[PDB]
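# Observations on chain architecture
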Amino acid sequence: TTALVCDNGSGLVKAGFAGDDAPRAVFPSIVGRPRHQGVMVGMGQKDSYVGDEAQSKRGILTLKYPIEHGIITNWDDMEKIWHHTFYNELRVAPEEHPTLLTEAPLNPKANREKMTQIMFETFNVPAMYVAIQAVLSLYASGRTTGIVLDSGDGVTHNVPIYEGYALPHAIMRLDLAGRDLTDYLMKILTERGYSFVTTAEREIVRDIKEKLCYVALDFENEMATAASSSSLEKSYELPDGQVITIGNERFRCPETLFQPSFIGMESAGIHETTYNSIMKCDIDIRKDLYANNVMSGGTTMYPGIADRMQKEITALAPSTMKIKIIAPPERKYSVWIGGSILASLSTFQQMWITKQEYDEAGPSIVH
Amino acid sequence: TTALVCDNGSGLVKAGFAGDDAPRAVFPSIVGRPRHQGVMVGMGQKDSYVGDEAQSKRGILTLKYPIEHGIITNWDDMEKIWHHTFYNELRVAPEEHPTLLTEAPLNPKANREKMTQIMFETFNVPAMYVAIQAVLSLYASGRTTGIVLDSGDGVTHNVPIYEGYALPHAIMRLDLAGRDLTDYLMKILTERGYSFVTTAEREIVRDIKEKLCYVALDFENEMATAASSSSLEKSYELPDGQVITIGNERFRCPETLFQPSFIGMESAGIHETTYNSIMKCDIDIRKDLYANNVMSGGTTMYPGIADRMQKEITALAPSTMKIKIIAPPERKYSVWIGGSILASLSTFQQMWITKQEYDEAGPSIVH
Amino acid sequence: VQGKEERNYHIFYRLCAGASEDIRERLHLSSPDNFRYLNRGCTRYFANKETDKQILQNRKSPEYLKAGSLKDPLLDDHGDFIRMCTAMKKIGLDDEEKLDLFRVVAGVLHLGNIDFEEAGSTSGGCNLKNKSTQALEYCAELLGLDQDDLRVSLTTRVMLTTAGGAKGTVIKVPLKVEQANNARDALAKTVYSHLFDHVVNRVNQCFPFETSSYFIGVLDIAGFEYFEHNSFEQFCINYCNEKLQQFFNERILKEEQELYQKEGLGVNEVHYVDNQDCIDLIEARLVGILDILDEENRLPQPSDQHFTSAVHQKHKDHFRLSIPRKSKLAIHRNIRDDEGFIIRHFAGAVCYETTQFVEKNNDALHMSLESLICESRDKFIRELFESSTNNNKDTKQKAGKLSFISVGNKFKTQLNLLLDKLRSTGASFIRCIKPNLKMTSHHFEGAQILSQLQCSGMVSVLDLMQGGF
Ligand SMILES: Nc1ncnc2c1ncn2[C@@H]1O[C@H](COP(=O)(O)OP(=O)(O)O)[C@@H](O)[C@H]1O
Ligand SMILES: Nc1ncnc2c1ncn2[C@@H]1O[C@H](COP(=O)(O)OP(=O)(O)O)[C@@H](O)[C@H]1O
Ligand SMILES: [Mg+2]
Ligand SMILES: [Mg+2]
C-alpha cells in the first residue's frame, strides 16, 4: 500500500514514507573504515560504520562520501548505505512497498540503468521508479510555471519548466556548489592559520559552513567596511577546546557562488546561469518565468539570499518587468516534500515500473 | 587449565594466577652473591640468593637488580630469577599452563624476540603471549577511552588509547622515574650528612622513598615555609638504631618528577608529557582524552598527587574544558589486575602463541 | 527488575495491601510508588468488592488512584494477607517468629531506593546521593547493619595484600557507579533467596519424615510461557521446558521399546525427535547463547547491542536461529538486527528482544558486602544465611579468588541438579488443558485449546508415535 520516498541526496541521504510531515532519517552518507591498530580485545568492530555512528566516532575512521561530483563512487559502498538506510533507521522490509527513488537532473548514462538493475536484483522490491530531484521542487511550492534549483554538496542545477511541460533545450547542470564551497572554506581558513587536512576534521569545516557564514548584499561595499577596525569577528569554539575568531572569510566563502572566477573556471555565476537558461526558452513564455524564480536545495540556506540574487537579477533583466524570487523556510527538505506529494496521488499509481515488465524488458526501460 | 600472569616488573616482580584477588608473590628482583670469605664450614650457602632471602641477608651480599634502565642485563641471572619465581614461590610447573608475560610499550627490538625464544627453550611452556604494561592499566579501572601511565623504577610511559584503538603517533617513552628518584634521594641525603654509598644500603634509601615522601600543591610556597622554623620535620629511625631528622628534602625528592631541570637533563615533566602526547592526537578525539586521564604504577603512589597534577594541567589546557584526573587505590597492582581480566576472558583464550606454531615459525612470530 | 504491566512476587503486594496501622508502625511502610522494586512494573492490588472498601488511602499509589483494584474472582491481596496469617498459625510458626518473618521482608523494600553518584574526583570512586541518607538509616535497622560500616561496604572492594613477605594489610579500592547499581540489587537477590529457603525448610520440619528409601513425588513448574514480547524471565523458562521436553521424549520412546518386544509384536525403529541441535545452540560451552552471556558480563564495559552481534557471529550456522526481521509473524519485523533473535523450540518459533537482556543478567555480590550481611546485628537473621543445623558448609572469609562469581551459569547449573535426579527415576506425565479464557463452566474455546496442544509438547508425541497398533 503506502510507498517509500527515499531521496538519494548528495549530502545527506534522506528517507521517509509517503506523506506528510518530514523525512524520518537524515545522516551524512559517509562510510568510514577503522584506520589504526586495535588493542582492547572486546571488540565488535564492523566493516564500516555509516553515519550517524560514523559522525559519533570521528577521528578514528577514514570518511568516504559515496557520491562525488553528482555521481556515485562504486555500488560496493552504496549497497551498504541502502541496507543501513532501510534497516536501522526506517525499520521496514523493502519487499513490502513500491519505492520511489531520485537521481540528479542530467546524470551520466548508464548510471540510471546500473542503479535500476542492481537495486531490483539486490533488494527485490515490488516496483520502483526514478524521478529527477529538481522537478519535484515544483510540487513543494505548488507552481504551474518557473525555474527549479536542486543545489547540494556538490552539484547544483538550473531547470526552467512551463505549464506543464519541461524544456529539453534549456536545462543547465553545474558541478560547482556546494562541496567546492566546503573545499574553498578550508582553503581560506588555512589562509588565517588554522590548518585542517584530515578527512574526519573536514566535517568540522562543513559545520561552520552551515552556521556562521552569510552572503553580502554588495560585495565591494561589504569588503570596504570589512577593512575598518570595526569588528566582524564571530567567535567559534572547537571540539578539542580551541577558539577561532573569523571576520572577512565569513562573508567571503558563500559570496563565493557569484563570480566562479574566484576559483578560476570560465563558467558564469548563478546570476548569469539563471538568466542564460531563461533566455534559452521560447519568447512568449519568458514573461511568466519572471516571478516564478523558486530557490531550493540545502546549499541555499545562507541568510544572505535571496535578496542578493534579486537585486542582481533585476539589474540584468529587461526594465519594467516584475521579477520576484520565492524563498521560504523548508528549502533543505523541499525536494522530499515534492516526492511526498507525488507518491500518495492517483493516476500515478499506474506509472510505476512493475516487476514483470522489468523482467521481460530488462534495464533498457529508460524511456 | 588456568593461565598464569607473571609480571616482569621494572621493580618488583609480581606473580599470581589469572585473577581475581592480588599477586601471590612480590619481591624487588635483586640477586646477591656472598662477598666475604667463609669462616664457618657448615656451610649451606647458596651461590645466588634471590629476594625475599636476598633482602633478609643485606650487608653481606652485593645486590644486583637484573632489570636496569628498562632492560634485562643478561639472561644468565634472569633465568635464575625465573626459576626461583615459578618454582620456589608459585610452586606450579610451567609445563602445566599457558603463561602471560609483560613488557615495556617501547623497548629494544630484538630483545623481545630473544626473551620469548630463551624462555621457550629454558622452561618449555605450552603457550604464551607478551602484553605491554601500559594497555593493561585501562582494564584495571574498566575504561574504554584515555591516556595510560606505566611508571616503575625506572621506566615511565605515556600511551593515548581511544575505544579500543592505540594511537601509534602519540606514544611517548620517558626514561625518568623511579630509580633516578632513588639516586636523587641518595644524592640529597648526603647533603644532610648521612652517607650511603655501598650496594646493600641502597635498598634502605628506596624504602624511605616509599613511606615518607610527599608532593607539594604549590612548590614556591612550600619552599617559603620550609625556610622558617615551622615544622615539616619528621623523625625516621634507622636499621642500626640511628635517628634521622628530615625537613625540606622530604618534599624535594618527589618534586624532581616535575621539572627535570633539577637533574639538568633535557626533558619536560609529567605535566608537559601528558599534554604533549594529547596534542599529538587527532583533533576530534582530544575531547575525551580530557577527563579519562588515568594514572597508574607504584611510582605514582606519593600522597600528594593527583591534585597537584590537576591544578597544573588545568592552567595549561584550553579554557573551560573539564579535566577529571582518575587515580584509583591499588595502583601498584594495576598492571597485574589488568592482565588478570584479559587472560581469563574468551575470545583471547585461543590466541596465545602455541608450541606447534612457534616451532615452525621461530622468533619472528612476535608481531 | 519487573517488566511492563508485570508485578514482583506476591508478598511485596500483600504486605503493602494487607498491612494495618499496628503493623505499618513497626515496619514503616508506604505506598508502592515509593519503592523502586515496585514502581518499575504495576502497582495495583488484586481485590473483590467487599475488600475494595477496606484498602486504606495511605496504601494507594497514583496508578491505584487512576485505575483502581484489579478484578480477579479469587486473588484478594488485602484479604488473603488475613487468611495468610491463619495458615501461619496452622503450619507450625508462632506469632513472635511470624513477626520476624515480616521484618526481613520489609528490609528488602527499603533497600530498593539507594542511589550512587560519581565522586568529586577524590582519587576515583562513587559516593551515595544526598537523597539516600535518610534512605540508608531506615534500611539498616531492618537488615541489622551499622549505618557507618554499611556506607563503606556498599562502595568499596575490600581485599588483602597478605600472602608472603613484608607487611601485609587490607586495602580498599572503590567500585564504579554502574558496578554499585548492579551490586546493590545483588544483595536483594541474595537475602530474599535465603528467606524462601528458610520458609520451605521450616515447613519440612512441621511434619518430619521417619526414614527414607524410595520416593514418589510430584513436580509442578511453570509451562511454556510465551507472550507478545519475550523477556529474560521467559528465556530461562523456555530453556527449562526444552530440557524437560528432552527427557519427555526420551521416556516415550523407551516405553515403546520396552512394550513391543515385551508383549511380542515384532521389532521396529523410528527417527528420534532430536533437539540436541537446539540444546547446543542455547547452552553449548564457548559457542552457545547462554555461554556468550555469562562471558559478556566479564567485559570492561557491558552493552546489549555488542552481545547481539556476537550471537550471530558464533551462530552463523544452525537452522533453529535466524535474524528478527525474518519473522514468520509480522509483529516482530519492527525489531532491528542488533536488537533481537528468533529461536525455534518444541513449541515453535519464539522471538526474544535483547534490549536490557544483559542488564537483567549481571549480578555480582562482592567480598565487602557478602561478608557484611553474614555478620548481621540481629540473631534470627544470622541463622538465615547459614551455617545450617545439618550439612554445614562453613565458608571462611580469608580466601582469594574469585570475586564476581558466575551468574548466567546458576540458572543452568541449578536445573542440572534436577535433570539428573529425574534421569534416575521413572515418570508419570500429567498434561493440564485450560478449556476457556474466563474459567467459566460449560464453556469451550477451539480458539484457546488448540494453541495449548501445540505448546505443551503434545504434538511431538503424536509425530513420534507411528506404530500403527
Ligand atoms: N544553514 C545552512 N547554511 C548553509 N549551508 C547549509 C545549511 N544547512 C545545510 N547546508 C548545506 O546544504 C547541504 C545539504 O543540501 P541538500 O539539500 O541535502 O542537497 P541534496 O539534497 O542534493 O543532498 C549540506 O552539505 C550543507 O553543507
Ligand atoms: N607509597 C609509595 N610512595 C612512593 N613510591 C612507592 C610507594 N610504594 C612503592 N613505591 C615505588 O614504586 C616502585 C614499584 O613500582 P611498580 O608499580 O612495581 O613498577 P613496575 O610494575 O614497573 O615494576 C618501587 O620501586 C617503589 O620505589
Ligand atoms: Mg540534489
Ligand atoms: Mg612497568
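Residues numbered from 1 in each chain as written, not as in the entry; some residues may be left out. Chains lettered and ligands numbered in written order. Part of a larger assembly, values for the part shown. Heavy atoms only, no water.

What the deposited record gives as its method is cryo-EM, and the resolution it gives is 4.6 Å.

The name the PDB entry assigns to chain C is Unconventional myosin-VI, from the organism Sus scrofa. For this structure, the PDB header gives the title as "CryoEM structure of MyosinVI-actin complex in the rigor (nucleotide-free) state".

The Function field of the UniProt record for chain A holds the comment "Actins are highly conserved proteins that are involved in various types of cell motility and are ubiquitously expressed in all eukaryotic cells." UniProt lists a comment for chain A under the heading Subcellular location, and it reads "Cytoplasm, Cytoskeleton". (UniProt positions renumbered as here; feature names shortened; annotations may be inferred.)

Quick look at the side chain of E113(B) now. All names here are of chain B. Within the secondary structure, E113 sits in helix α3 (residues 113–123). Given a relative accessible area of 11%, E113 falls into the buried group. Excluding its chain neighbours within four sequence positions, the residues that come into contact with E113 are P363, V366 and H367. (Helix = DSSP H or I, 4+ residues; strand = E, 2+ residues; numbered from the N terminus. Buried < 20%, exposed > 50% of the residue type's maximum accessible area, 1.4 Å probe, protein only. Contact = heavy atoms within 4.5 Å.)

Note on the magnesium ion (ligand 3): its protein donors are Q133(A) (OE1), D150(A) (OD) and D150(A) (OD). The metal-donor distances range over 1.8 to 1.9 Å. One end of the pair, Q133(A), is in the loop between β11 (130–132) and α3 (137–141); the other, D150(A), is in the loop between β12 (146–148) and β13 (151–152), with 17 residues separating them in the sequence. (Donors = N, O, S within 2.8 Å, 3.2 Å for Na, K, Ca; no water.)

On to helix α11 (residues 334–344) of chain A, then. Residue and element names in this part refer to chain A. Here α11 lies mainly inside the structure; 9 of its 11 residues are buried. What α11 keeps buried is the set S334, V335, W336, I337, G338, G339, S340, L342 and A343. Turning to α11, the residues buried within the fold contact β1 (4–7), β2 (13–17), β9 (99–103) and α3.

The next subject is the sheet that holds strand β9 (residues 348–353) of chain C. All names here are of chain C. Pairing is antiparallel across the open sheet formed by 3 strands, whose spatial order is β7-β8-β9. Since the sheet does not close on itself, it has two edges, and those belong to β7 (321–322) and β9, each with one partner. Sheet topology places β7 next to strand β8 (residues 340–345); 2 bridges connect them, and they run antiparallel. Paired with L321 across the two strands is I343, which belongs to β8. Helix α14 (residues 305–314) rests against β7 and β8 of the sheet, and its axis sits at about 45 degrees to β8. (Pairing = 2+ DSSP bridges. Axes fitted to C-alpha atoms, helices over the stretch in contact; angles between N-to-C directions.)

Residues and elements named next belong to chain A. The mixed open sheet is built from 5 strands, whose spatial order is β3-β2-β1-β9-β11. This sheet does not close on itself; its edge strands, each paired only once, are β3 (25–27) and β11. Taken over all neighbouring pairs, the strand axes of this sheet differ in orientation by 20 degrees on average, direction set aside. Judged from the 3 bridges that link them, β1 and β9 form a sheet pairing that is parallel. If you follow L4 over to β9, its bridge partner there is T99. Helix α2 (residues 111–123) contacts β9 and β11 of the sheet and is inclined by roughly 155 degrees relative to β9.

This part is about the pattern of salt bridges. If the charged atoms of two oppositely charged side chains come close together, the side chains can form a pair. All names here are of chain B. This model, assessed by the stated rule, comprises 69 salt bridges over all chains. Where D21 meets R24, a salt bridge forms, and the shortest distance between an N and an O atom there is 2.6 Å. For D21, a relative accessible area of 10% puts it in the buried group. (Salt bridge = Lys/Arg side-chain N within 4 Å of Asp/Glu carboxyl O.)

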